Every structure is written in structure tokens, then in C-alpha cells.
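A short worksheet on the structure shown next.
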Amino acid sequence: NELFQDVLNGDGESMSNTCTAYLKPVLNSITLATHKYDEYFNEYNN
Amino acid sequence: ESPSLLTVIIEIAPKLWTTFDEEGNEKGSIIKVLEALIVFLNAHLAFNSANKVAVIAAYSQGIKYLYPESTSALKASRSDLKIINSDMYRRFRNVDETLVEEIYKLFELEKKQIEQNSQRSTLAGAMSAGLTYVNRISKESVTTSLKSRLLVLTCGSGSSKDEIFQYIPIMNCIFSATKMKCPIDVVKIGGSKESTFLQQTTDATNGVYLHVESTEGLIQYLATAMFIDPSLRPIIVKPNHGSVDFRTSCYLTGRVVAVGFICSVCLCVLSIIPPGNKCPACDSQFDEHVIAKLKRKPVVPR
Amino acid sequence: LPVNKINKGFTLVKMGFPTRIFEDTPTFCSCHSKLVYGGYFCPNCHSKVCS
Amino acid sequence: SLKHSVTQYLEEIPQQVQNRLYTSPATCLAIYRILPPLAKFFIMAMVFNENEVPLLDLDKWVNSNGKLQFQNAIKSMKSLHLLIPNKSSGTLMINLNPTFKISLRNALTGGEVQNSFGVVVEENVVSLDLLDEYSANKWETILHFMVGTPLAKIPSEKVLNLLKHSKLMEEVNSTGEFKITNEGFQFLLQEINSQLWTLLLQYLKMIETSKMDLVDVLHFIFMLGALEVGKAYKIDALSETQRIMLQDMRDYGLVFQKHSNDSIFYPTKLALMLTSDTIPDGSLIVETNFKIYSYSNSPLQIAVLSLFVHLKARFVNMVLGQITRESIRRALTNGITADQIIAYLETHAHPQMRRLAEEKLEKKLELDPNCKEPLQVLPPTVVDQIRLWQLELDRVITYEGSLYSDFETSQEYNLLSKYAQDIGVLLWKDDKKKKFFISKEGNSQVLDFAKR
Amino acid sequence: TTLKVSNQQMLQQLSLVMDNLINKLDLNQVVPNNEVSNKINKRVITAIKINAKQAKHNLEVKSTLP
Ligand SMILES: [Zn+2]
Ligand SMILES: [Zn+2]
Ligand SMILES: [Zn+2]
């Protein structure tokens, strides 16, 4: 997210979408991993 | 540039086409698909002077070579029936007359053997026979550099569902066609939009998949998208929309498989751990220690 | 090679069947960290591979 | 080669004559078989739909790896007048030729074809025993006439005028013999299908009289390409112009007739070979001592080898000959270049010479892999000797024209020399000698420049 | 997992195909009426456009980023 806002206020959104889409699958995969972690944590809490 | 061989595998079944006629508004769609195929074969023979045509029909009780005729049948014959007009080009006329004569004979055989209803579709065996004929025309090598292309005109009509017995023969035909560089185009006439095995056949063998719902205007589909010659295959894009996922069905549940487990002995795909800790296909007993690790629940602190 | 009868390593092997992702924008693959248009997203963790 | 010649000839046809040529379905089918595969694919996808197809849609068909070829196909459809462009809604819409589309659809589906493919009369003879023998007999007759060997039977004056008025096969009446040109030995080089095509296009070039109609000749040639051997066809569908030119190719050998002006005519194998094609005889062994062991039994190969090989003995299998200086001088006095002779000796080379050359090149590559050499199937000594004899024929080249000199001022000489260079007729000039030379055809231009 | 025809109407449809093959197989009936051909052309061109936009582009490729 820091790199996304850095390219946002550096390149001014003309090239920030390309930077986001380049790292989009790894962001989605780590988001899915954190979601699975939180789901199993909440499952064991209950 | 280079002549090619067009081997046509048409699946004509009296039960399959009757369902399509009942679902559709029109009747006798066999005549429409046959005349569209005849015009398409005349178009292919017009493309080059040295191209060849093979037509094989898969009926309920087996398969039979529509064109060319059997060499015993050719030696036995010639009653020139007037199904096709005689004033056309003789190269087209011989192929068309032979094709319609063998349609006549095969439908007489179907009418004779209509009492027995077969639950075994012979489309995959017909594709295998077409591959053998393609190898023969390549192996015979009478003509330099003959190329080749399979075109399977099948019909589902919303009645015949997915056939799991066909899976291994269709995959073997895919590997054989990939080995001999023979593209496989498939035209499906019926209400079933998705045919997973035939879509995999078109995708893996660099063929074109085309599903249609009406037999009218079929020659407009064939001469436009199925007329991709093997000489011009890489320079023409393929309109085969609806990309297949290349997945497979589970063995004991039948559903399309997610992340799952297969038997290390017989490669059968299981969506879940089978009961009894034994493979349902090859009866191999699984170790209880290793499958507990698969059954082991993932870890996270409290 | 045909295996011996004494071999009892008949273990289930876990794998997933990925889907060929289609995109007109190049993305970093998880295996080589290079810009590849196509790929295969992992059915378990949604990570893409080249081959 | 073959498709390029008929493509360029059909380019020269006027557009109204081209559209009149699209009436018969057989002509349209034979023309369609000449087109490139992308062009054939676009035409075949475009016939069966009556609505016009945009050019941008056709551009989306082709992958990026063959787009240039697509343009070439379009160029062919921009040359043969099959695709009519239209400017509609800011788009370059493309429409198919209606007569061509209708005739091609009638050829494919069957129907009204006005007997463009003829009618079978069901009476037939053996093709190999008679029809192949008659066509080969006429072809060997005309070829043995044109190579210059003596013949007991000579072909008729219809083809003698054909050979006289052609660019090849020059004739002289002061001696009484026929001289082969460079184009003649070129004609002996390629395979017989494009030989027949070159003959037929030269015949098409000669036909301007009111006795003969050009469209009927093109229709008849294309249906002869469409006819099949081993089955006769009736003459009644043909016109009287078509009847007399049917007799003309009966003399030529493309078609067989049992008697003159018969009701039927038998197509030959040359008719089907007119469309497309499909150790050997004439295979030769060249040695360092210039001995030719040419495994030929047909008189055609022996006769064409006699143009440049001093034949010594004849066996059933080969003809024992030798490449001498005098025989090569005989070949070069007929204008047959050394490159044509070397190409002929390369194309008819023995498989054993090919194996020896392959072994030599295999020893060469394992010795010097830094450079690659062409597969010299025949020894380089005889090639060098052939080129040396070619050089000693042309040690002097004679240009006839006029030399202008004796200029008192250098400026006038410079002006005349630069004028001659601008009109492209000067060959040599020198201000030190004050002389400049011009060719024979460029004399009169400088004459009217100087007089006026 | 995520209308069976009787043999009588089966034979009637087969005999209908038989008599439609006896009388005249007019191949010129394959020509569309220029209305369905428009729909077929639109479907094929849309599929071609989708596949060509997908397969326009497919050592890593060059990027617009510095
Ligand atoms: Zn198993
Ligand atoms: Zn990678
Ligand atoms: Zn993964």
C-alpha cells in the first residue's frame, strides 16, 4: 500500500494503475492467506 | 501451397437427431447437416487440386467409412442414383454420390437394426479410425507433404449427457493428433452449450470449437470458421471462445475437482478421501499415517 | 519402471488443477518474478505460474 | 513461375472482359485454384453470405505473424477485380463480385452450369495405351522439332508460325534450318506443366483475329483443365471457334480425337497436368575428364543433351558422351548461356554424385566449421571450364553507334556529353581525347539536338 | 454432477430422412436468406475480436515502467 501511494503521488495516477496491476496477483494471494489465517483463528476462538 | 486431408467424423445416431428434431421447430435436420457437409467438402476439394476427403460415420452399433468406399464394395460395384445432379463437376460429383450412397446404406442398416438400443457411443472409436486413416495417408506418402485435419460433427441435443467412458479414448486421440500435428475442429449441434471433452480436444490440438443451436445456415458456419486450412493455421486466429479449464471429474463423487487427491498407483482423481482407506479404482490400500497428514487441520495460535 | 510387490508406498498425493488466466496486462509470476501475460492461478493460494 | 504467369496474364485482361469471363463456373473454379490460401479462405468464407463484409473485419482474421501476406492476398484481390471496394459510413466496405460468386456457388452446390464441365458420352478408350501415347507422341514431335534433331514427321504449320512469331525458336530462310534461342533452352529446362502454360499464353498473345474469341479460349482452356482423362466429351456444347481450336490442340496434343471433326473428343493427361503437378531417366554422371554418362533412353533427353555434349556411343541405359570445347561452342552460338547448362547439369545429377558431394561436405564441415559451402553436386573443374568457354566466346563485345569528336571548345564537348548521359545513350567519354560515343538507337536524338 | 424417444417416432424420422433423400437433395437450399447470415457473421466476428484482443500479446516482455 505504501508503494501504491508512493507511485500515486509520484507519477500522478498515469502509471500507478500499471504498478498496482503488476503486483495485483501477489496482493490478492497474500490477502487470501491473511483471510484464511483470520478465518481459522476465529474458528478456533469459537 | 500444401494440400491437406480433411477427415470428417460425423456422429449420426437416430436417437440423437430425433431428440434435436423434437426440441427444434423443424424436422429432418439430418438432411440439412448432410447437405451442409456436402457443400463444405466440395468447398474443401475446391481449395486445392490435390486435397483428399475422408468421411467416417459413428452410428449406434459401430462405425463405418462413408468415403471412400470399401475396396471390396468398390470391386463389387455401379448404380448411379440421382440423389445428386449429374451436371456438376465430376470430382465433386463422385465424392457426393459415394457419400449419399453410403448414407443410404448406413440408414438402411440402422432401420434394419433399430430394435437394439445401444448405450455405448462410438464417437471416440470413429475419431481413432479417422486418426488411423490420417496416418495411412501420411504413411502412404503417395503425395508429397499431405497435411491433415479432423472435423467432428457431433450432436448432443440436450439428451446425451457427459460420458465418462469416453474420457481416456478422447485424451489418447488428443495426444495422437498432437503427435501427428493434426488439428481437430468440432461442431456441436444441440442445446448443451458446454462439452468439456470436445472443448479440451479443440483447445489441446490447436482446433476450433463451435457450438450451434440451429442446423440452418450451417454451411455459413463451416465455410467461415471450420475452413482454416492446416497451411494457414498459425496466421489465422481461431474464434473458439469459451476457454476450457482443462479440469476433470472426480471418481466417486463425479463433480469437477478442486485441489484434491489422486491415487499414486492408478492416477484416478478423488475429490475427497475415499472410505475404507482404499482406492476405489485399483483397490490399493493407503497408509493410515500419510492420510492423517492430509486430514491434519492447519495451525494457528489461540 | 514396474514396481515391486514389496513396495507399499501407496500414498494419496495432493494437487490442484489450475485455470489458465487471461489478461492483457502483464503480471509478476510467483516462480520467476518476471512479466508474463498469461499464467495459471493456483487453485489453493491464487498464485500464478509460467508453465 | 506457373501461378505468377497466369496471374499476370489475368491482370492484363480488361475489367469488362474479366467480368464476362466469370460466367462459366469451370473458369471461376480454375481461377480460384490459383489464388493464395489466405485469399482463397477469405473468398470461400465470403461467397455463402450475401451481405457485404467490411475490410476491418477481414483484418481481424489474420494473426500478426502473417499480416503482410494478408496484404498480398488483398493485392491479388485488388488485381483480379474480385473484391469491389465501397466507401460507406466512413468505412472501406468490401463486396464480392456477383457473377464470380454466383458461378462459384453453382460450381460447388451444383445446378445451372450451362455444360461448362461438358457431358460424358460414356464411350471411352484406355488412357495409358492411347491417350497418354497420343499426347506424348505430339509433345515429343514438337519438342524434337524445336531441339533441331531430324524427324521423319514434322508438326503442321500452325505451330511452326507459333514458333516463328514467339520470342524463342528463331527461324532463318537463307539456310533452311531452325535456330534455338536462349529462351528455347530455358523452355527445355522447366517441367512440362509450365511449359504448356507458356505455350498457351503465347498462343493467347497471338490470337487477335475475328476468327477467334478470347473469352471462349480461356473458358475452353479452363474446362480442359477441369476435364478428366479416360472419358470422352461431346462436341455439341462447343462453338465453331471452339471446334477449330479443339482441332488445334488435337494437333498440339492436349486433346485426342479418333477422326477429324468427330462428335467426341478425348482429354489427355496433359489436360489434367495443365492445372497442377501430380534413378529417373536422363540422370547423368559427370567426371573430371568431362565424360557424361547420362542414363537416358527417351530420345528427348538425348536430343537436348546433344546440344552441348559430343555424343560418342549409345546404350540402352545411358548415352556415353563427352563435354568438348566444340559442343559447348555450338551451345553458346545458339545463345544458351553457361548458367543454363550448369543448372541443367545440376538438376539431372546422379544420386551417387549427390552422395559423394555430401560426403565431401561432411569431411569439410568437420575440418573447417567456421565457413559453410554450397553442395557442389558436380565437380567444380567442369563448371569452371564451362564458364571459361563462355568467357572465351565473349572476349570482345561489339557496340555499334557513333563517335563524336573534333570539338574546338571543351565546353561544347562537355555539353554534348552531358546531354548524351542525360538521355542515357552514352557509353564512353573523354575530355583529354575530346571524344564521346553513343549507341545506334541514341544517334538520332543527338542528331536532332545538334541540327536544331 | 454439479425425454426418451420411442422406437416408433425414431423409425418415422428415419423414414422421413429416407424419402427426403429419395426425391431431391437440392444443395442450393444451403444458402441462407441473408438474415441469419448477419447473425452468424456478427457472432463469428465478435468471437474473433475477443480471441484476437486476448492473443494480441502473450525473456520477459518490455514494460512501460522505468
Ligand atoms: Zn488407485
Ligand atoms: Zn515465472
Ligand atoms: Zn499455490
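So you can find residues: chains in the C-alpha cells are A, B, ... in the order shown, residues in each start at 1, and ligands are numbered from 1 in order.
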Quick one: contact table of chain C to ligand 3, 9 Å max, nearest atom pair and distance in Å to one decimal per residue, counting only C-alpha atoms and all ligand atoms, chain and number order, as CSV?
residue,atom,partner,partner_atom_place_in_ligand_line,distance
C:16,CA,ligand 3,1 (Zn),8.5
C:41,CA,ligand 3,1 (Zn),7.8
C:42,CA,ligand 3,1 (Zn),4.6
C:43,CA,ligand 3,1 (Zn),6.7
C:44,CA,ligand 3,1 (Zn),5.1
C:45,CA,ligand 3,1 (Zn),4.2
C:46,CA,ligand 3,1 (Zn),6.1
C:47,CA,ligand 3,1 (Zn),5.4
C:48,CA,ligand 3,1 (Zn),7.9
Could the residues in this selection be saved with C-alpha atoms as a PDB file, in the first residue's frame?
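Writing done, so here's part-v7.pdb:
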ATOM      1  CA  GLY C  16      -4.867 -28.830  -7.660  1.00  0.00           C
ATOM      2  CA  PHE C  41      -3.575 -19.180 -10.927  1.00  0.00           C
ATOM      3  CA  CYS C  42      -3.118 -21.720  -8.143  1.00  0.00           C
ATOM      4  CA  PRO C  43      -6.494 -23.151  -7.033  1.00  0.00           C
ATOM      5  CA  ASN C  44      -5.250 -23.212  -3.419  1.00  0.00           C
ATOM      6  CA  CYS C  45      -3.480 -19.857  -2.957  1.00  0.00           C
ATOM      7  CA  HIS C  46      -4.288 -17.836  -6.144  1.00  0.00           C
ATOM      8  CA  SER C  47      -0.639 -17.556  -7.218  1.00  0.00           C
ATOM      9  CA  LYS C  48       0.301 -17.644 -10.894  1.00  0.00           C
TER      10      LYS C  48
END
12 Å contact set for residue 277 of chain B, only C-alpha atoms, chain neighbours under 2 positions out, as a PyMOL selection string: (chain B and resi 263+272-275+279-280+283-292) or (chain C and resi 10-12)
Kindly export the residues of the current selection with C-alpha atoms, as a PDB file, in the first residue's frame.
ATOM      1  CA  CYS B 263      -4.152 -42.371  -6.279  1.00  0.00           C
ATOM      2  CA  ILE B 272     -12.293 -36.453  -1.007  1.00  0.00           C
ATOM      3  CA  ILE B 273     -10.523 -39.199   0.920  1.00  0.00           C
ATOM      4  CA  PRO B 274     -12.243 -42.465  -0.075  1.00  0.00           C
ATOM      5  CA  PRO B 275     -13.949 -44.544   2.628  1.00  0.00           C
ATOM      6  CA  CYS B 279      -8.549 -46.653  -3.719  1.00  0.00           C
ATOM      7  CA  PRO B 280     -11.971 -47.134  -5.370  1.00  0.00           C
ATOM      8  CA  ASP B 283      -8.080 -51.282  -4.771  1.00  0.00           C
ATOM      9  CA  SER B 284      -4.733 -50.124  -3.366  1.00  0.00           C
ATOM     10  CA  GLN B 285      -4.689 -49.848   0.421  1.00  0.00           C
ATOM     11  CA  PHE B 286      -3.498 -46.445   1.612  1.00  0.00           C
ATOM     12  CA  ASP B 287      -1.200 -45.956   4.581  1.00  0.00           C
ATOM     13  CA  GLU B 288      -3.032 -44.504   7.575  1.00  0.00           C
ATOM     14  CA  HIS B 289      -0.004 -42.414   8.582  1.00  0.00           C
ATOM     15  CA  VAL B 290       0.243 -40.358   5.382  1.00  0.00           C
ATOM     16  CA  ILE B 291      -3.507 -39.729   5.021  1.00  0.00           C
ATOM     17  CA  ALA B 292      -3.641 -38.351   8.569  1.00  0.00           C
TER      18      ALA B 292
ATOM     19  CA  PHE C  10       0.638 -46.213  -1.840  1.00  0.00           C
ATOM     20  CA  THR C  11       0.038 -42.661  -0.650  1.00  0.00           C
ATOM     21  CA  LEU C  12      -2.538 -40.143  -1.818  1.00  0.00           C
TER      22      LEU C  12
END
Mind listing as a PDB file with N, CA, C and O atoms, in the first residue's frame which residues of chain B are within 6 Å of chain D, counting only C-alpha atoms?
ATOM      1  N   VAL B  39     -21.637 -29.544 -49.139  1.00  0.00           N
ATOM      2  CA  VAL B  39     -21.149 -28.277 -49.681  1.00  0.00           C
ATOM      3  C   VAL B  39     -19.785 -27.930 -49.091  1.00  0.00           C
ATOM      4  O   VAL B  39     -18.904 -27.420 -49.793  1.00  0.00           O
ATOM      5  N   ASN B  42     -17.209 -30.091 -50.858  1.00  0.00           N
ATOM      6  CA  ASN B  42     -16.976 -29.548 -52.192  1.00  0.00           C
ATOM      7  C   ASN B  42     -16.130 -28.283 -52.123  1.00  0.00           C
ATOM      8  O   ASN B  42     -15.306 -28.026 -53.008  1.00  0.00           O
ATOM      9  N   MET B  88     -22.911 -31.439 -62.452  1.00  0.00           N
ATOM     10  CA  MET B  88     -21.904 -30.698 -61.708  1.00  0.00           C
ATOM     11  C   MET B  88     -20.502 -31.201 -62.052  1.00  0.00           C
ATOM     12  O   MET B  88     -20.309 -32.043 -62.934  1.00  0.00           O
ATOM     13  N   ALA B 223     -17.909 -22.935 -43.641  1.00  0.00           N
ATOM     14  CA  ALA B 223     -17.027 -22.309 -44.619  1.00  0.00           C
ATOM     15  C   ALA B 223     -16.329 -21.068 -44.084  1.00  0.00           C
ATOM     16  O   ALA B 223     -15.429 -20.549 -44.751  1.00  0.00           O
ATOM     17  N   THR B 224     -16.716 -20.582 -42.906  1.00  0.00           N
ATOM     18  CA  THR B 224     -16.125 -19.388 -42.318  1.00  0.00           C
ATOM     19  C   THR B 224     -15.105 -19.716 -41.237  1.00  0.00           C
ATOM     20  O   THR B 224     -13.974 -19.225 -41.282  1.00  0.00           O
ATOM     21  N   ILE B 235      -1.334 -18.368 -38.989  1.00  0.00           N
ATOM     22  CA  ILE B 235      -1.542 -16.984 -39.409  1.00  0.00           C
ATOM     23  C   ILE B 235      -2.995 -16.545 -39.336  1.00  0.00           C
ATOM     24  O   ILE B 235      -3.289 -15.377 -39.620  1.00  0.00           O
ATOM     25  N   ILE B 236      -3.911 -17.436 -38.967  1.00  0.00           N
ATOM     26  CA  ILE B 236      -5.316 -17.095 -38.771  1.00  0.00           C
ATOM     27  C   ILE B 236      -5.699 -17.414 -37.335  1.00  0.00           C
ATOM     28  O   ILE B 236      -5.477 -18.535 -36.861  1.00  0.00           O
ATOM     29  N   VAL B 237      -6.271 -16.425 -36.644  1.00  0.00           N
ATOM     30  CA  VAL B 237      -6.723 -16.638 -35.276  1.00  0.00           C
ATOM     31  C   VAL B 237      -7.976 -17.509 -35.269  1.00  0.00           C
ATOM     32  O   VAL B 237      -8.718 -17.603 -36.255  1.00  0.00           O
TER      33      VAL B 237
END
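One distance worth recording is that between atom CA of residue 41 of chain A and atom CA of residue 295 of chain B, which is 18.3 Å.
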Give me, as number ranges by chain, the residues of chain E touching chain C, with the criterion being at most 7 Å (counting only C-alpha atoms). E: 54, 58, 60-61
Spatial neighbours of residue 206 of chain D, max dist 9 Å, only C-alpha atoms, sep filter under 5 positions, as a count of residues only: 4
Can you check which residues of chain B have any atom within 9 Å of chain A? Use only C-alpha atoms and format it as a CSV table (one decimal) with N, CA, C and O atoms, in the first residue's frame.
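Below is the file that was written, selection06.csv:
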chain,number,residue,atom,x,y,z
B,298,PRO,N,-5.0,-27.3,9.8
B,298,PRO,CA,-4.0,-26.3,9.8
B,298,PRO,C,-3.9,-25.6,11.2
B,298,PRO,O,-4.8,-25.6,12.0
B,299,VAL,N,-2.7,-25.0,11.4
B,299,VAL,CA,-2.4,-24.5,12.7
B,299,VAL,C,-2.4,-23.0,12.8
B,299,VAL,O,-2.1,-22.3,11.8
B,300,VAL,N,-2.9,-22.5,13.9
B,300,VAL,CA,-2.9,-21.0,14.3
B,300,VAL,C,-3.0,-20.9,15.8
B,300,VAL,O,-3.7,-21.8,16.4
B,301,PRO,N,-2.3,-20.0,16.4
B,301,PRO,CA,-2.4,-19.9,17.9
B,301,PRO,C,-3.8,-19.4,18.4
B,301,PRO,O,-4.6,-18.9,17.6
B,302,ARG,N,-4.1,-19.7,19.7
B,302,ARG,CA,-5.4,-19.3,20.3
B,302,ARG,C,-5.6,-17.8,20.4
B,302,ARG,O,-5.4,-17.2,21.4
Which residues come within 9 Å of residue 50 of chain E, counting only C-alpha atoms, excluding same-chain residues fewer than 4 positions away, as a PDB file with N, CA, C and O atoms, in the first residue's frame?
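Contents of the output file part-v1.pdb:
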ATOM      1  N   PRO B 239     -11.705 -18.595 -33.671  1.00  0.00           N
ATOM      2  CA  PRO B 239     -12.832 -17.988 -32.949  1.00  0.00           C
ATOM      3  C   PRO B 239     -13.366 -18.832 -31.802  1.00  0.00           C
ATOM      4  O   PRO B 239     -14.493 -18.608 -31.348  1.00  0.00           O
ATOM      5  N   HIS B 241     -14.242 -19.320 -28.752  1.00  0.00           N
ATOM      6  CA  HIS B 241     -14.497 -18.653 -27.486  1.00  0.00           C
ATOM      7  C   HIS B 241     -14.940 -19.669 -26.435  1.00  0.00           C
ATOM      8  O   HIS B 241     -15.273 -20.818 -26.738  1.00  0.00           O
TER       9      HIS B 241
ATOM     10  N   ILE E  45     -17.429 -12.727 -35.848  1.00  0.00           N
ATOM     11  CA  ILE E  45     -16.540 -11.571 -35.737  1.00  0.00           C
ATOM     12  C   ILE E  45     -16.352 -11.160 -34.279  1.00  0.00           C
ATOM     13  O   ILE E  45     -15.250 -10.770 -33.880  1.00  0.00           O
ATOM     14  N   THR E  46     -17.400 -11.259 -33.452  1.00  0.00           N
ATOM     15  CA  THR E  46     -17.231 -10.955 -32.031  1.00  0.00           C
ATOM     16  C   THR E  46     -16.304 -11.957 -31.349  1.00  0.00           C
ATOM     17  O   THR E  46     -15.458 -11.569 -30.530  1.00  0.00           O
ATOM     18  N   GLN E  54      -7.372 -11.028 -26.846  1.00  0.00           N
ATOM     19  CA  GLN E  54      -6.681 -11.852 -25.862  1.00  0.00           C
ATOM     20  C   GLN E  54      -5.303 -12.277 -26.357  1.00  0.00           C
ATOM     21  O   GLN E  54      -4.322 -12.212 -25.607  1.00  0.00           O
ATOM     22  N   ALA E  55      -5.203 -12.702 -27.614  1.00  0.00           N
ATOM     23  CA  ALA E  55      -3.959 -13.228 -28.158  1.00  0.00           C
ATOM     24  C   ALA E  55      -3.170 -12.199 -28.959  1.00  0.00           C
ATOM     25  O   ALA E  55      -2.340 -12.589 -29.788  1.00  0.00           O
TER      26      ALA E  55
END
Any chance you could tabulate, as JSON lines, the residues of chain B at most 6 Å from chain E with each one's nearest atom pair and distance in Å to one decimal, using only C-alpha atoms, in chain and rising number order?
{"residue": "B:28", "atom": "CA", "partner": "E:17", "partner_atom": "CA", "distance": 5.9}
{"residue": "B:35", "atom": "CA", "partner": "E:27", "partner_atom": "CA", "distance": 6.0}
{"residue": "B:83", "atom": "CA", "partner": "E:25", "partner_atom": "CA", "distance": 5.7}
{"residue": "B:217", "atom": "CA", "partner": "E:32", "partner_atom": "CA", "distance": 5.5}
{"residue": "B:239", "atom": "CA", "partner": "E:48", "partner_atom": "CA", "distance": 4.7}
{"residue": "B:241", "atom": "CA", "partner": "E:47", "partner_atom": "CA", "distance": 5.8}
{"residue": "B:254", "atom": "CA", "partner": "E:1", "partner_atom": "CA", "distance": 5.6}
{"residue": "B:255", "atom": "CA", "partner": "E:1", "partner_atom": "CA", "distance": 5.1}
Residues just named, written with C-alpha atoms as a CSV table (one decimal), in the first residue's frame:
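Output saved as part.csv:
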chain,number,residue,atom,x,y,z
B,28,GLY,CA,-35.3,-33.9,-40.6
B,35,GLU,CA,-26.1,-31.2,-47.3
B,83,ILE,CA,-29.7,-38.0,-55.3
B,217,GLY,CA,-27.1,-21.8,-42.1
B,239,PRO,CA,-12.8,-18.0,-32.9
B,241,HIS,CA,-14.5,-18.7,-27.5
B,254,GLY,CA,-18.4,-37.1,-10.1
B,255,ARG,CA,-18.1,-33.3,-9.5
Would you mind writing down, as a list in words, each residue of segment 225-299 of chain B that DSSP on the backbone assigns to alpha helix (DSSP H)? residues 225, 288, 289, 290, 291, 292, 293 and 294 of chain B
Could you pull out the residues in segment 47-83 of chain B that DSSP calls strand (DSSP E or B) from the backbone, as an MDAnalysis selection string? chainID B and resid 52:59 62:67
Could you save those same residues with N, CA and C atoms as an mmCIF file, in the first residue's frame?
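out-v9.cif, written as the output of this step:
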data_model
loop_
_atom_site.group_PDB
_atom_site.id
_atom_site.type_symbol
_atom_site.label_atom_id
_atom_site.label_comp_id
_atom_site.auth_asym_id
_atom_site.auth_seq_id
_atom_site.Cartn_x
_atom_site.Cartn_y
_atom_site.Cartn_z
ATOM 1 N N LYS B 52 -7.558 -34.317 -50.277
ATOM 2 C CA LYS B 52 -8.329 -35.542 -50.149
ATOM 3 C C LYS B 52 -9.343 -35.397 -49.021
ATOM 4 N N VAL B 53 -10.388 -36.217 -49.090
ATOM 5 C CA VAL B 53 -11.519 -36.156 -48.171
ATOM 6 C C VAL B 53 -11.739 -37.541 -47.578
ATOM 7 N N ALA B 54 -11.896 -37.603 -46.257
ATOM 8 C CA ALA B 54 -12.305 -38.815 -45.565
ATOM 9 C C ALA B 54 -13.543 -38.516 -44.737
ATOM 10 N N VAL B 55 -14.551 -39.377 -44.840
ATOM 11 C CA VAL B 55 -15.782 -39.230 -44.072
ATOM 12 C C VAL B 55 -16.064 -40.555 -43.384
ATOM 13 N N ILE B 56 -16.185 -40.523 -42.058
ATOM 14 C CA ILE B 56 -16.487 -41.693 -41.243
ATOM 15 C C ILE B 56 -17.693 -41.363 -40.377
ATOM 16 N N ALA B 57 -18.693 -42.239 -40.384
ATOM 17 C CA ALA B 57 -19.896 -42.056 -39.585
ATOM 18 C C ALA B 57 -19.868 -42.981 -38.379
ATOM 19 N N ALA B 58 -20.193 -42.433 -37.213
ATOM 20 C CA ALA B 58 -20.330 -43.206 -35.986
ATOM 21 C C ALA B 58 -21.815 -43.382 -35.699
ATOM 22 N N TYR B 59 -22.322 -44.590 -35.908
ATOM 23 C CA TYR B 59 -23.707 -44.913 -35.610
ATOM 24 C C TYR B 59 -23.777 -45.685 -34.297
ATOM 25 N N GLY B 62 -21.852 -49.195 -34.247
ATOM 26 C CA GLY B 62 -20.465 -49.237 -34.670
ATOM 27 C C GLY B 62 -20.129 -48.038 -35.540
ATOM 28 N N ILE B 63 -19.054 -48.196 -36.315
ATOM 29 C CA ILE B 63 -18.557 -47.157 -37.205
ATOM 30 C C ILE B 63 -18.412 -47.743 -38.602
ATOM 31 N N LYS B 64 -18.406 -46.856 -39.595
ATOM 32 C CA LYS B 64 -18.305 -47.272 -40.986
ATOM 33 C C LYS B 64 -17.757 -46.114 -41.810
ATOM 34 N N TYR B 65 -16.846 -46.431 -42.729
ATOM 35 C CA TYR B 65 -16.217 -45.426 -43.581
ATOM 36 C C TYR B 65 -17.185 -45.015 -44.684
ATOM 37 N N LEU B 66 -17.677 -43.778 -44.612
ATOM 38 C CA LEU B 66 -18.569 -43.272 -45.649
ATOM 39 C C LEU B 66 -17.812 -42.999 -46.939
ATOM 40 N N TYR B 67 -16.672 -42.319 -46.844
ATOM 41 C CA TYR B 67 -15.895 -42.010 -48.029
ATOM 42 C C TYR B 67 -14.416 -42.116 -47.680
#
Any chance you could tabulate, as JSON lines, the residues of chain B at most 6 Å from chain C with each one's nearest atom pair and distance in Å to one decimal, using only C-alpha atoms, in chain and rising number order?
{"residue": "B:245", "atom": "CA", "partner": "C:19", "partner_atom": "CA", "distance": 5.3}
{"residue": "B:258", "atom": "CA", "partner": "C:16", "partner_atom": "CA", "distance": 6.0}
{"residue": "B:259", "atom": "CA", "partner": "C:16", "partner_atom": "CA", "distance": 3.7}
{"residue": "B:260", "atom": "CA", "partner": "C:14", "partner_atom": "CA", "distance": 5.5}
{"residue": "B:261", "atom": "CA", "partner": "C:14", "partner_atom": "CA", "distance": 4.4}
{"residue": "B:262", "atom": "CA", "partner": "C:13", "partner_atom": "CA", "distance": 5.6}
{"residue": "B:263", "atom": "CA", "partner": "C:12", "partner_atom": "CA", "distance": 5.2}
{"residue": "B:286", "atom": "CA", "partner": "C:10", "partner_atom": "CA", "distance": 5.4}
